[PDB]
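Encoded as structure tokens, the structure appears first; notes follow it.
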Amino acid sequence: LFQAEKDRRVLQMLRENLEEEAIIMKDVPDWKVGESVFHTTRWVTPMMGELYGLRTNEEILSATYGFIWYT
Amino acid sequence: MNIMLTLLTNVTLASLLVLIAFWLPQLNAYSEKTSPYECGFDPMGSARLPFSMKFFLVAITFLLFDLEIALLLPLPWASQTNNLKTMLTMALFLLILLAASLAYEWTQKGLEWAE
Amino acid sequence: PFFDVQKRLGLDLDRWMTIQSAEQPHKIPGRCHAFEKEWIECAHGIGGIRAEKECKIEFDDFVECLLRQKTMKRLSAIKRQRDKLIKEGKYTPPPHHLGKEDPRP
Amino acid sequence: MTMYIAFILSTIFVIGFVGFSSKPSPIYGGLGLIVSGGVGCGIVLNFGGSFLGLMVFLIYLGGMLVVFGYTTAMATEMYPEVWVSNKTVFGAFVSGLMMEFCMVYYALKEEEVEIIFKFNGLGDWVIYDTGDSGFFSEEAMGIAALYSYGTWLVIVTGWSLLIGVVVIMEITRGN
Amino acid sequence: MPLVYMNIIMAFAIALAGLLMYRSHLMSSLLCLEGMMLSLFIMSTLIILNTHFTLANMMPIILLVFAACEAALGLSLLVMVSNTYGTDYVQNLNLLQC
Amino acid sequence: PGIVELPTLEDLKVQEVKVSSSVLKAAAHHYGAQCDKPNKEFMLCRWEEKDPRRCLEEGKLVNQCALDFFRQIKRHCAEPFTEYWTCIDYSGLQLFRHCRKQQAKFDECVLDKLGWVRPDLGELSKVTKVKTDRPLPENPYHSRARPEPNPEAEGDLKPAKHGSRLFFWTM
Amino acid sequence: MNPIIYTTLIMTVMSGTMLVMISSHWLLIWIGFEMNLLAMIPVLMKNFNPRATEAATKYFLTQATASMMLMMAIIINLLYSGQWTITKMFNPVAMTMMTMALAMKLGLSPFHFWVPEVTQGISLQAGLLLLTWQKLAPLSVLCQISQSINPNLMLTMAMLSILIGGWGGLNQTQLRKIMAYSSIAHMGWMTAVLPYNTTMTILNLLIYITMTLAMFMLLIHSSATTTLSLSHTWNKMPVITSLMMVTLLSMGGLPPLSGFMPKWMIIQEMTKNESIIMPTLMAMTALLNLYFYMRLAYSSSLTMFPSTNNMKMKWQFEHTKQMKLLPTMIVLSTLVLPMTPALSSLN
Amino acid sequence: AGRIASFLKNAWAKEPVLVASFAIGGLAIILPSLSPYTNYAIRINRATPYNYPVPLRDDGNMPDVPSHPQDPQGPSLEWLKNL
Amino acid sequence: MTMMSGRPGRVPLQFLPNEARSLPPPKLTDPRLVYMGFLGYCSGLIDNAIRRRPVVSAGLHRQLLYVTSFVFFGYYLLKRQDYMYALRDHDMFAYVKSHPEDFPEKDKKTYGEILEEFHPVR
Ligand SMILES: CCCCCCCCCCCCCCCCCC(=O)OC[C@H](COP(=O)([O-])OCC(O)COP(=O)([O-])OC[C@@H](COC(=O)CCCCCCCCCCCCCCCCC)OC(=O)CCCCCCCCCCCCCCCCC)OC(=O)CCCCCCCCCCCCCCCCC
Ligand SMILES: CCCCCCCCCCCCCCCCC[C@@H](O)O[C@H](CO[C@H](O)CCCCCCCCCCCCCCC)COP(=O)(O)OCC[N+](C)(C)C
Ligand SMILES: CCCCCCCCCCCCCCCCC[C@@H](O)O[C@H](CO[C@H](O)CCCCCCCCCCCCCCC)COP(=O)(O)OCC[N+](C)(C)C
Ligand SMILES: CCCCCCCCCCCCCCCCC[C@@H](O)O[C@H](CO[C@H](O)CCCCCCCCCCCCCCC)COP(=O)(O)OCC[N+](C)(C)C
Ligand SMILES: CCCCCCCC/C=C\CCCCCCCC(=O)O[C@H](COC(=O)CCCCCCC/C=C/CCCCCCCC)COP(=O)(O)OCCN
């Protein structure tokens with residue numbers, strides 16, 4: 001159940017980032033929305049910055065240092 | 001985050017105590033009061049002169065024996081491996097070599113202080 | 001120079017530690033396990049000279065996984081454009097990107 | 001961007017390295033190395049290396065106690081030097097400080113390749129992994145694997161330690 | 001690369017420069033050697049932690065072990081040097097020329 | 001280098017399970033006993049596809065089975081279960097061994113009202129088999145074609161022509 | 001030093017070198033280097049005196065700096081590719097660091113300064129070990145990573161080594177410093193051909209080791225460390241001086257002696273790669289090594305220097321300890337040119 | 001027989017700490033090879049499920065793989081409960 | 001820089017692969033073997049000379065052992081060297097065969113139709 005929820009949450013975050021990027025970067029002439037940086041077409045586990053790039057600093061802090069700093 | 005706050009609080013309290021101790025009382029500092037103490041008299045030499053170490057060899061050996069601690073600390077986690085025989089053999093071998101080092105220095109008069 | 005005693009005797013003195021995609025304890029995977037696996041299987045048995053050229057795509061993907069330079073560049077470009085559009089007031093971030101989102105498990 | 005705690009810690013690390021590399025009296029060099037060891041422990045703790053950081057701090061504390069004793073024995077002078085008691089020491093300290101300042105400025109203000117490569121900074125938090133599983137710590141498991149995977153490493157390390165004891169005894173014999 | 005990597009590499013460069021430029025005391029150069037080892041430990045630990053290379057987690061500890069040996073070695077030599085000269089100044093080690 | 005395809009937000013909607021970790025831990029043994037088939041199908045899809053986008057329907061089935069299980073528990077006896085999970089929830093480590101009377105009551109209730117038997121120690125950690133109609137992925141790694149190897153070494157070994165041929169040496 | 005302790009130390013040095021040779025992991029190669037240095041420091045200090053202590057200290061400082069640079073190169077290579085295997089470095093900066101570290105370990109110019117001092121400060125046995133066995137591990141590592149060598153830096157260091165070896169040897173009267181400068185020049189010759197053919201490097205190393213062993217054993221047998229002390233050998237053991245003169249001629253690369261075989265081979269190999277100017281300069285420079293070898297031969301065996309009266313007493317005593325491998329080493333140092341094609345067995 | 005007896009008596013009279021240390025170390029070296037519970041310790045270590053057991057894709061030719069945890073097939077920790 | 005050490009199917013530390021048995025062994029009267037024995041004899045004579053013994057006649061068993069050891073090692077050295085040269089020729093011929101486009105056969109003209117420049121000596 002945790003696995004299914006994690007997949008849904010990650011995919012939702014990535015889709016939200018995709019839509020925001022599509023809205024934001026409409027003016028740049030040679031930019032493809034959602035273009036990958038890998039030649040391979042297989043699934044790549046998202047990096048922290050990709051998931052939390054366009055969010056608040058508090059969410060980023062909780063995502064990065066939340067577990068380590070919890071005591 | 002909590003540990004940083006605790007460390008800051010402790011250091012701040014100690015520094016504030018030092019500040020109180022140095023700024024609250026009345027100070028009368030003159031050259032005789034602040035002179036070095038040698039129980040009645042002026043020291044003959046400097047306290048910055050070399051001070052011989054008679055246990056220098058044991059001090060060096062402490063450096064090598066301090067890393068056996070690093071090697072032996074992950075033993076509680078190593079005890080959870082499936083191949084317990086190999087892990088036990090390696091741990092016993094490491095401790096045996098440490099004991100052999102201690103015995104070698106002991107029998108070569110390496111634990112006796114210099115005269 | 002390199003007397004391969006390990007290969008002659010079949011000992012594995014240090015080959016268990018050479019690569020990231022090789023039998024970690026508890027099956028814990030490396031961050032770039034798939035990319036390294038792809039590159040190693042591409043380059044196996046053809047020699048270094050041929051592997052440098054014919055397996056350059058796999059190695060580039062592996063290095064991108066390792067250091068994430070291109071991803072950081074893309075994220076920086078997106079954020080720079082977002083800041084430029086926000087300073088002139090043409091763009092507004094959505095509520096879920098401002099801390100007022102509806103969380104899900 | 002997030003509070004740049006790791007950047008501040010690494011800057012203090014570099015400052016301590018400048019402090020003991022300008023070479024004042026070995027008392028203050030040992031103090032600077034102790035500070036650098038503690039701060040590097042903090043960095044590794046922030047990246048998730050609790051055991052490794054704590055162990056490096058402990059090891060360097062013991063080594064620096066031995067170094068302090070040896071400095072009082074055979075590395076003293078009438079007026080031990082501090083970072084401001086010498087033109088050479090102060091010059092080296094200042095040069096290191098401004099060199100770190102220049103490197104940092106050329107790093108976070110623009111993308112330039114100093115020696116090896118270039119980058120933008122952006123704080124460490126970006127390049128994490130968001131791995132979500134486990135009832136253990138991967139660092140502890142990898143370190144504990146030394147007794148099951150690293151038999152060869154244990155053998156060579158123990159041999160080198162015993163040989164080092166024999167070697168120091170041979171060297172300090174004199175005659 | 002993060003700015004932390006650059007800071008650690010700069011720390012190693014500073015320690016190497018401090019070792020290569022000698023003042024009188026040999027103990028200071030030994031401390032520079034120890035600082036170089038510490039920076040190497042930090043750099044390797046950060047790389048191995050970031051890449052989640054599990055079996056490499058034992059690599060830094062091994063480094064420390066041999067660091068100790070080197071440290072001990074240096075201190076041993078220092079003792080003998082002092083015993084000959086009453087001082088650890090490197091300018092007394094000039095009996096041999098090129 | 002191509003466009004990453006992602007499911008729409010409508011595709012990712014599902015009836016979520018909004019019970020806390022203590023409730024889940026209290027129910028976990030019977031939950032793994034009863035809802036094994038969808039969970040195992042989802043996990044097999046997950047470990048064979050190596051792509052979260054290819055196992056969304058299995059995840060939705062997992063959610064549906066969990067909701068049905070909890071609905072049955074709520075329908076038959078929620079008070080023994082509430083006592084059990086409250087006792088579990090007090091502990092800071094959520095230890096099972098501090099709540100054995102409440103666990104006994106909940107186990108008795110489920111056994112008499114539904115015929116649910118708690119799995120014995122060692123059972124839920126077995127490796128099991130899953131019957132599925134999902135075809136086995138042929139290239140889950142999206143691997144490129146492997147470069148051809150160097151041809152081979154073949155033939156019968158003959159002595160070197162005119163020896164070593166190193167300067168004046170005739171052998 | 002106890003004989004058992006000395007045997008253990010020599011075995012530890014050799015096992016560290018072999019660990020470097022047989023390892024596939026960079027960490028194990030570094031461990032082998034560390035073990036070799038740790039066990040090798042006491043051997044330099046077996047006979048205790050201030051000069052030996054100074055030589056040991058200088059050697060330790062140089063090798064520790066080299067080891068730290070070595071580890072930094074390894075760590076950078078790991079950073080830019082998650083690899084520990086010693087195949088070929090993936091970063092040019094790491095390659096430069098590794099090349100400089102191995103050059104400092106080998107004593108190539110401009111890292112040559114410690115070699116004459118350390119050789120002069122230790123005994124002839126320690127000098128033999130230092131100038132023969134200590135070259136194997138860095139050369140093996142360099143051979144394994146040869147395809148990643150930047151040819152410009154390696155060739156610059158090799159040419160500098162040849163030139164500086166000749167010029168420094170031109171000025172020496174102590175035999176240990178002469179041997180050290182010969183070692184520097186020969187190491188430059190070894191590393192000049194490394195980016196082209198590692199078999200030539202192995203062959204040069206083998207020939208140089210044989211001739212160095214013969215030279216040092218002849219110097220131990222006639223217990224001389226200066227030119228004027230060696231000028232007395234003819235009045236006690238003329239055969240030793242004659243064999244030494246022939247060995248010195250071989251070390252100068254004169255045909256048809258063995259020492260001509262490596263340079264010759266190296267030269268021809270370089271001409272296969274359209275390298276003409278550099279081999280010519282290297283040979284014309286090795287003329288200097290030949291010159292000071294001929295000076296030593298003039299003082300030692302071709303003319304008769306005045307002797308002392310007490311030498312008569314030495315006429316009444318033989319050598320109680322004999323070196324079993326000296327005749328074979330001399331023969332290999334001189335008469336192996338006709339067996340040149342056997343180098344194909346080395347590849 | 002008697003020489004070792006006299007040596008042990010002298011050691012016990014002069015260095016009881018060393019005698020106890022050597023005895024404890026020797027027992028620690030020897031005893032594990034003679035114990036029947038070392039195998040039990042290994043089996044207990046193997047029986048701890050740190051990671052998820054990934055199910056196998058059924059192909060109709062595995063009589064010894066369960067289709068459900070409560071099925072009789074597979075390993076059993078019945079021995080562990082009584083241990 | 002390392003031509004033959006990475007050859008496929010190479011056992012690490014053999015010194016004599018099995019395929020080397022397909023080659024003719026060197027004759028025991030090989031001139032190279034005779035030179036190896038001569039080297040052993042010279043080593044024996046130098047051994048006599050250094051120890052201050054009658055050079056030509058002191059230890060006959062020692063000279064015999066010197067010569068025998070040198071010949072024994074030289075036989076296997078010659079076998080390995082011959083095998084390595086045979087391997088080089090085999091690989092070269094195979095590579096030439098497998099790449100006809102890099103080693104083309106071009107028709108050769110006779111000297112009656114090739115115009116060569118004449119340089120008078122005067
Ligand atoms: C290329 C083609 C092939 C060529 C072959 C290669 C060259 C020749 C072979 C080289 C190696 C062999 C001999 C070397 C060891 C000898 C040791 C020695 O000292 O000799 C003394 C020894 C006489 O001493 P003794 O009998 O005990 O009583 C007199 C006292 O000892 C009183 O004696 P002492 O010690 O008191 O006298 C003091 C003397 C002691 O000083 C010496 O004796 C000099 C020894 C130098 C050792 C040679 C270096 C090692 C080999 C390298 C050769 C390089 C060749 C390349 C070209 C460069 C030439 C330098 O010191 C001096 O006078 C200072 C002189 C300094 C001037 C500079 C020249 C010195 C170096 C010249 C070396 C020339 C090459 C070797 C020629 C043969 C020399 C015996 O000479 C001999 O009797 C051995 C000669 C050979 C006889 C065996 C022949 C076999 C029997 C016939 C059977 C027929 C065979 C075929 C069968 C056919 C069927 C019928
Ligand atoms: C237990 C942990 C909690 C503790 C919490 C309190 C922490 C206290 C920290 C230390 C304070 C204790 C010291 C006792 C009173 C402080 C007196 C001293 O610090 O200041 C004096 C102030 O002197 C200053 O030099 C002159 C005052 C002018 C400078 C003040 C700057 C701003 C004032 C401008 C006026 C307008 C008001 C602006 C503020 C609103 C200097 O006196 P001095 O003789 O040397 O030292 C001996 C003091 N004796 C006599 C008590 C023994
Ligand atoms: C050729 C001459 C032989 C004698 C001289 C050799 C000189 C070198 C010293 C010893 C050689 C090292 C060989 C041992 C390599 C270790 C690896 C191998 O032995 O397997 C180990 C087998 O364990 C053995 O018990 C090794 C221990 C034996 C060594 C201990 C004492 C010997 C040391 C002697 C020399 C050291 C210095 C001097 C000490 C006095 C562990 O394998 P295992 O655990 O199944 O599975 C691991 C894989 N997993 C993780 C996936 C499960
Ligand atoms: C002064 C002249 C040189 C003398 C050299 C010393 C002679 C005595 C040495 C004792 C003989 C035993 C040596 C080896 C025998 C068995 C070991 C064998 O298994 O090793 C093989 C190797 O065989 C040996 O290397 C051959 C040694 C033969 C050396 C003699 C050639 C000298 C050149 C011509 C001078 C004439 C010499 C005359 C002799 C008296 C394995 O090959 P490999 O592991 O894959 O290669 C490793 C290096 N690579 C990968 C980088 C290529
Ligand atoms: C097989 C076990 C191996 C592993 C277990 C060991 C673990 C650690 C124990 C070893 C640590 C190092 C021991 C070092 C030994 C040094 C001996 C020595 O030289 O000390 C002597 C003292 O000891 C001696 O006399 C020499 C050895 C005496 C015997 C010691 C024990 C030997 C073995 C006996 C135990 C056998 C096993 C127990 C069997 C039980 C009986 C049935 C000198 O003492 P000083 O302090 O210098 O004197 C100053 C004041 N006068």
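In what follows, chains carry the letters A, B, and so on, assigned in the order in which the sequence lines appear, proteins first and then strands, with residues in each chain numbered from 1. Both ligands and their constituent atoms are indexed starting at 1 by order of listing. Only heavy atoms go into these numbers, but all of them, side chains included; no hydrogens, no water, no symmetry mates.
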Please list, in number order, the atoms of ligand 3 under 4.0 Å from a heavy atom of [X].
{"X": "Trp152(D)", "value": "12 (C)"}
{"X": "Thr151(D)", "value": "16 (C), 26 (C), 41 (C)"}
{"X": "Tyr149(D)", "value": "50 (C)"}
{"X": "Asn83(B)", "value": "44 (O), 52 (C)"}
{"X": "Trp159(D)", "value": "37 (C), 38 (C)"}

**Q.** Close-range residues for ligand 2, whose non-hydrogen atoms fall below the 4.0 Å threshold
**A.**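 Residues within 4.0 Å of ligand 2: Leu19(B), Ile20(B), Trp23(B), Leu24(B), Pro25(B).
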Q. Any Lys/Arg nitrogen of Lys109(B) or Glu105(B) sitting under 4.0 Å from an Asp/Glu carboxylate oxygen of the other?
A.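 A salt bridge is absent here (no side-chain N lies under 4.0 Å from a carboxylate O).
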Q) Is the CZ atom of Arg15(C) crowded by more than 12 outside heavy atoms at less than 6.0 Å? A)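 12 or below, so no.
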Within ligand 5, which atoms have a heavy atom of [X] less than 4.0 Å away?
{"X": "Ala103(B)", "answer": "14 (C)"}
{"X": "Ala11(H)", "answer": "29 (C)"}
{"X": "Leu8(H)", "answer": "41 (C)"}
{"X": "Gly25(H)", "answer": "5 (C)"}

Q: Consider ligand 5: state whether an atom of it lies below 4.0 angstrom from any non-hydrogen atom of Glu105(B).
A: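 Per 4.0 Å heavy-atom rule, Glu105(B) does not contact ligand 5.
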Q. Looking only at heavy atoms, is any part of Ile96(B) under 4.0 Å from ligand 5, and if so is it the side chain, the backbone, or both, or is it neither?
A.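 The answer is neither; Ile96(B) stays 4.0 Å or more away.
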Q: State, without any angle test, whether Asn36(G) and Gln63(G) hold a side-chain donor-acceptor pair at a distance under 3.5 Å.
A: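 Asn36(G) vs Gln63(G): no donor-acceptor pair found between side chains.
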Q: May I ask you to check whether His33(C) and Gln20(C) show a side-chain donor-acceptor distance below 3.5 Å?
A: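 Per modelled atom types, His33(C) and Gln20(C) side chains form no pair under 3.5 Å.
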Q) When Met90(B) is tested against each of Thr151(D), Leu153(D), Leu146(D) for side chain to side chain contact (heavy atoms under 4.5 Å, CB included), which residue passes? A)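 Answer to the side chain to side chain contact (heavy atoms under 4.5 Å, CB included) test with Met90(B) among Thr151(D), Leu153(D), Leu146(D): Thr151(D).
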